[PDB]
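So basically every Cβ, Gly included, is an ideal-geometry build from the backbone, and we count neighbours across all protein chains shown. A short reminder: the numbers here are calculations on the coordinates, not readings from a lab.
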Amino acid sequence: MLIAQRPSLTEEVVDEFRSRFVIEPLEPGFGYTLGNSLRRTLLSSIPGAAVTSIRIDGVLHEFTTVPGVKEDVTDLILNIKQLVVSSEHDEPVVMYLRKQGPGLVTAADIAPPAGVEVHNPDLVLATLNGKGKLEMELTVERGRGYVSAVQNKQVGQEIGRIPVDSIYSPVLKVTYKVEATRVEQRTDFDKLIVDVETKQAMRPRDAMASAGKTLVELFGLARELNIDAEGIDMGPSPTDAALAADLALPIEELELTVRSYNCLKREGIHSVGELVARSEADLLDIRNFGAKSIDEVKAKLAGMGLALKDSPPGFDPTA
Amino acid sequence: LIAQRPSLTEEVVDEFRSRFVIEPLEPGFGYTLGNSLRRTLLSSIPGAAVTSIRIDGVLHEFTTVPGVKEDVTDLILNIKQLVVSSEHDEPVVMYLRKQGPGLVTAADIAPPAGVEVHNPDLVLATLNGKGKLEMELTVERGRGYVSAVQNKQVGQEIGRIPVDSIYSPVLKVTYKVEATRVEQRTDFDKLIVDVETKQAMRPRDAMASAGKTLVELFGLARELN
Amino acid sequence: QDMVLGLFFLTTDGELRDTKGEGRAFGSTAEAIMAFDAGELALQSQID
Amino acid sequence: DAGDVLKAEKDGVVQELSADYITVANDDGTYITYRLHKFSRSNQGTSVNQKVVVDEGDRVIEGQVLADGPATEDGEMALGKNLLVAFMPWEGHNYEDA
Amino acid sequence: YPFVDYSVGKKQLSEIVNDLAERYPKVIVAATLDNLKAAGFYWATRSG
Amino acid sequence: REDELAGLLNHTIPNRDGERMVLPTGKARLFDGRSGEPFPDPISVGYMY
Amino acid sequence: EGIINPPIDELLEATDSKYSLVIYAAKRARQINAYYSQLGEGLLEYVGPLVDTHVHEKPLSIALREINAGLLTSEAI
């Protein structure tokens, strides 16, 4: 069947890393079929990297306070958790923080090894007073979604290891809603609004693209059961739908040198499509050839951007 | 981080009942997919259905045909449960003709080429010795439920009776997710979708159509980059 | 009605509820929501 | 007892049957034909329409029900329908007795 | 508005609404009332 | 009597899948039509006229 | 947006009470409507609108916007 009204997706930017996408007009229903799916795929189906556990020093589990630092263990763990990192190593990778003396120990004082990066060096991790020392170790690894310290507790016991919650997913908060939008035609056509908020690393548009790709793969998994199965046909794919105005037009050219147009008219070319592809060999072999005529059929041929030997659409002439 | 991709398999419980098993999905990610598939299956699977009739000696719904045991408003309810499939995009027509005593089962219709009646056991009416039935049923293609009012044509005939159309080959869809907790030092879901259709097409075709529709819909979001 | 009930069930103590968590510290409300979506936290459990 | 259900007067065997009438051959040799209302109108503007519950070959005793009434099903009162009901508030669409 | 941090039945909600009406413009009060309505309906549906 | 209803609720004919959907407390376990996630607690269901 | 624009609190900063604001806005709306009706014919004392408008906007809304922006004055006669 034919949808008869292709939905469109439009983005709005609220902050540096906060966006609001609108999809409309969706058929009756269909605002809930792909709203929860998009939200969950965004929040749990994008790879990321994060800290798994920390080793503050040789002495800990004195949760009252870590000597030398103003804050307490829980605040330090939360500050570490706010850290955003990117990694390429499948195995866990250990980096060190070795700030000393009084002052404010921040993320820029970390010493990541090769293959990992910290995207917000300006984050503050703690404050040291009275010439204190903070010799900390951070283990970073990759994953998906939110996995708590539970499922990260290690049966093997180490004196200084403390596991922390891991926020792998780049997107931090996603919400969605649906509304009625149609007036001209019948009402009950759904408009879907999704608000996405991520972290410093990735922009919302990339997250949306990745989620869409993953869902497309997931549902192609089921569409493969019987490829010759009818569904709801969107129809006019925007790219070729727009490019049909200039790529497959029967008129070879509108404004160009009359000499070249006349030469190429009575030589086996009627629509620009027959010329766009396989251009060099056709222009060379046959009697119709030109040296500088290329300038008239290569540069000025691109009415809205086109190169030759390009695959032409509509290979069947609508005679 | 797992590098394994989800995979789908099929099992057959009856000729019109299947279980599709998808695994391994991300934790807390099976219910959403199952419900999306269920909504697509119950909403937008194309099919064919009857959309109007006309009987030899009947002018409106609220009357009765001499010789038949049912009102003309009960024959309509009886042919609304008539499961058919069509291949012509035009409004095909089939004819029902019966004479003498007996039950007018759905097997007594003479469909043209390209259309079928898939439950040749439904009882449409019963005729006595002095009764005869002659009617023509119009078959069209669509999806979802289309009311009689929407089926009214402009400037129709006096004897044309529009009928409610139910273009839906899917009967009952459900799902369930098992928390496999497979031994990979991780936890994951395993979705099982049970699909039953109304003897018009196999559940595999319905699932394929639903997947095609959902892929088309999510493609627009995929290409946002 | 049906709004007082919702805002009460939302904001109430876990007397006889299956309160899970009860000691976890979260860096923001978004992290708490992410933990709740997974079967790890209860809407009434006391957390930091 | 309401009087809106067609009841056989004398025992017999249904002779001929159609949505408009039922002719039964009584046991004492006499034949009686009952007519049924079809899409009539009641005082309140509703529709009075009687179905048939017997078949051609059946045997009927006196008092047996031969045709339903406006709101009866096989002889007994039926004013409504059985629906699968769930008790719960749902997004406020059933708020305050809706 | 300061953090509430206590069970909110009908008396508490009435006091909160009275405070909002007394201390805030009318548009903000209407917006807050609509927010409360939507959230209450949602969590009453999810209440059990 | 309520005793008979409570007792009978535990001996109904199992459905085609071999399970009884309504628990002995009279409450079933529903699913959300829109979000797809199950409702947190069992919900009372049945047939009403 | 709609009938709650401009807010009543902002409007009341330009008058004494709701009762006077009602008459103020109504008189301005009547002036605007009369200007529209007789715009084509010979010129008259009526003026306005003094703010950007829409295709077919209610004159009362324009009057309220003008009052809120502070482009009108009410005397006593």
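So the values come out like this:
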item: Out-of-range pairs (alpha-carbon distance over 22 Å; input A:199/B:212; A:213/B:176; A:133/A:153; A:70/A:133); result: A:199/B:212; A:213/B:176; A:133/A:153
item: For B:42, B:217, D:36, order by how many other beta-carbon atoms lie within 10 Å, fewest first; result: B:42, D:36, B:217
item: Given charges at Cβ of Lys, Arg, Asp, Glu: chain B dipole, positive-most of B:207, B:122, B:99; result: B:207
item: Label zone at residue D:13, where the point sits 7 Å out along the Cα-to-Cβ direction: segment D:50-75 residues whose backbone N lies under 13 Å; result: D:56-60
item: Within segment F:35-49: backbone nitrogen closer than 12 Å to the residue F:28 label point (7 Å, Cα to C-beta); result: F:43-48
item: Cα centroid separation, segment B:53-89 to segment A:210-254 (Å); result: 42
item: Label-reachable residues, segment A:78-119, where backbone N falls under 13 Å from a point 7 Å from residue A:13's Cα toward its Cβ; result: none
item: Whole-Hz couplings from phi, Karplus 6.51/-1.76/1.60, listed for segment E:36-48; x for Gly and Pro; result: 4, 4, 4, 5, x, 4, 4, 6, 6, 4, 7, 6, x
item: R0 of 45 Å, Cβ-Cβ distance residue B:150-residue G:60: FRET efficiency to nearest 0.05; result: 0.65
item: Under the Karplus curve 6.51 cos²θ - 1.76 cosθ + 1.60, θ = phi - 60°, whole-Hz ³J(HN,Hα) for segment D:80-85, x wherever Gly or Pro sits; result: x, 9, 8, 10, 7, 10
item: Number of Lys pairs (Cα under 21 Å; 8 or more positions apart or on different chains) in chain D; result: 5
item: Debye, to nearest 20: dipole size of the protein assembly as shown, +1 on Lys, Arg Cβ, -1 on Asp, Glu Cβ; result: 1020
item: Relative contact order (%) - chain D, alpha-carbon pairs under 8 angstrom, separation at least six; result: 27
item: Cβ-Cβ FRET estimate between residue C:18 and residue A:88, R0 fixed at 60 Å, reported to 0.05; result: 0.90
item: Segment G:1-49 and segment A:190-208: distance between their alpha carbon centers, rounded to Å; result: 44
item: FRET efficiency for residue G:74 and residue E:31, using Cβ-Cβ distance with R0 set to 25 Å, rounded to 0.05; result: 0.25
item: Least to most buried among A:230, G:57 (fewest other Cβ within 10 Å first); result: G:57, A:230
item: Under 13 Å from the Cα of residue E:10 - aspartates and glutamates, other chains or at least 8 residues apart; result: C:2
item: Inter-site label distance for residue D:35 and residue G:39 at 7 Å from Cα along Cβ, in nm; result: 7.2
item: Proximal charge balance of residue D:39 [Cβ under 13 Å; K/R count +1, D/E count -1]; result: -1
item: Length gained when the stretch residue D:97-residue D:47 is fully extended (0.36 nm per residue, less Cα-Cα span); result: 15.1 nm
item: Two-site label geometry, residue B:121 and residue D:81: point separation in nm, points 7 Å out along Cα→Cβ; result: 2.6
item: Straight-distance crosslink candidates among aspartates and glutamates, where the alpha carbon sits under 16 Å from residue B:190 and sequence neighbours closer than 8 are dropped; result: B:10, B:11, B:23, B:26, B:178, F:37
item: For the protein assembly as shown, diffusion coefficient by Stokes-Einstein and Kirkwood Rh (Cα), 37 °C, 0.692 mPa s, µm²/s; result: 93
item: Within chain A, longest stretch clear of exposed trypsin sites (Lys or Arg not before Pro) (DSSP loop, no more than 11 other Cβ within 10 Å); result: A:1-130
item: Hits among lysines - C-alpha to C-alpha of residue A:292 under 20 Å, sequence gap 8 or more where chains match; result: A:265, A:300, A:309
item: Solvent-free Debye scattering, log10 I(q)/I(0), computed from the Cα coordinates of segment A:144-276 at q = 0.11, 0.20, 0.21, 0.22 Å⁻¹; result: -0.83, -1.24, -1.27, -1.30
item: Residues A:63, B:29 arranged by fewest to most Cβ contacts within 10 Å; result: A:63, B:29
item: Chain G - percent relative contact order, Cα under 8 Å, separation 6 or more; result: 37
item: Ratio of Rg to Rh over chain F (Cα coordinates, Kirkwood Rh, two decimals); result: 1.03
item: Stokes-Einstein translational diffusion, segment A:1-119 - Kirkwood Rh over all Cα pairs, 0.890 mPa s, 25 °C, in µm²/s; result: 129
item: Separation in nanometres of the label points that stand 7 Å from Cα toward Cβ, at residue A:187 and residue G:53; result: 3.0
item: Projected area, mean over directions - chain G, Cα convex hull, nm²; result: 5.7
item: Potential extension, residue A:177-residue A:278 segment - 0.36 nm per residue separation minus Cα distance; result: 31.3 nm
item: Loop-resident sites, chain C, for GluC sites (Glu not before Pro), counting at most 12 other Cβ within 10 Å (DSSP); result: C:15, C:22
item: Per-residue ³J(HN,Hα) for segment B:217-222, Karplus 6.51 cos²θ - 1.76 cosθ + 1.60, θ = phi - 60°, Hz, x for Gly and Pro; result: 5, 7, x, 4, 6, 4
item: Calculated [θ] (222 nm, deg cm²/dmol) that DSSP helices of n ≥ 4 give over chain B, each run adding -39,500 (n - 2.57); result: -6000 deg cm²/dmol
item: Average other protein chain Cβ within 10 Å of Cβ, residues A:140-151; result: 4
